[PDB]
């Protein structure tokens, strides 16, 4: 039911909405570490306002694309992020938090006027192209390939994929569909010892071989998660809402 047409289209669009892979090196005043801090904060904001995970994914995509073409000073990085979260909310949420709420969350760092103006600038820079395919969007499709659906697998997959948002290096070089692939297999293997299923190999054209590089990176991120400076995602996935999947132990090997 359009499931195939939609997937094909998303595969097309994820290339067009892809951020510049090495943009951070061209940003004189901001680094991967600052970005990680920004994203980790947006995770908290998403939690505080009970926003959809998709909204979070969209906001990150807007941010990476904005910073791909616009030089930004560190003091304005949060303004970009706040506006990106505002736009993502408006696009994706049934009940977006109002602008005042986005002003309040910045702890009076910026005015409402600034937030509003940054919103319009972000829209201009992205030329209104906000319907970006996300890691989350591919994951949900990938999930339909379960029998039945395993709650822990899904949650743990959403968890890993979210972790990828924090670290521009190395995850900017992987397409969402690929990151979702590694996340789905890694989660599945951790939960049921099972692997990237054939039906998905046929759907995506991806094999454990093609997914290897990302998967090895993702595995390392998973293993080293407890020591990452940014911890909002782990804390979030401790909750029963996600079946405390962040308390699970990563596999030692993948084979």
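Residue numbers count along the first chain shown, from 1.
**Q** Would you tell me which stretch averages the higher CA B-factor in the PDB entry, 178-186 or 75-83?
**A** Stretch with the greater average CA B-factor: 178-186.
**Q** Using only C-alpha atoms and the B-factors in the entry, which stretch averages higher, 10-18 or 230-238?
**A** Comparing 10-18 with 230-238, the higher average CA B-factor belongs to 230-238.
**Q** At the C-alpha atoms, which of 106, 146, 89, 114 reaches the highest B-factor in this entry?
**A** Among 106, 146, 89, 114, the PDB entry lists the largest C-alpha B-factor for 146.
**Q** With respect to the C-alpha temperature factors reported in the PDB entry, which of 61, 33, 199, 53 ranks highest?
**A** That would be 199.
**Q** Taking the C-alpha B-factors as the PDB entry records them, is residue 136 in the lowest, middle or highest third of its chain?
**A** Middle third.
**Q** Sorting the chain's modelled residues by C-alpha B-factor, tell me whether residue 224 ends up in the lowest, middle or highest third.
**A** Highest third - that is where residue 224 ends up once the chain's C-alpha B-factors are sorted.
**Q** When the deposited Cα B-factors of this chain's modelled residues are ordered and cut into thirds, is residue 26 in the lowest, the middle or the highest one?
**A** Its C-alpha B-factor belongs to the middle third of this chain's values.
**Q** How does residue 167 rank on Cα B-factor within its chain, lowest, middle or highest third?
**A** Middle third - that is where residue 167 ends up once the chain's C-alpha B-factors are sorted.
**Q** C-alpha B factor of residue 69, ranked within the chain: lowest, middle or highest third?
**A** Tercile = lowest for this residue's CA B-factor.
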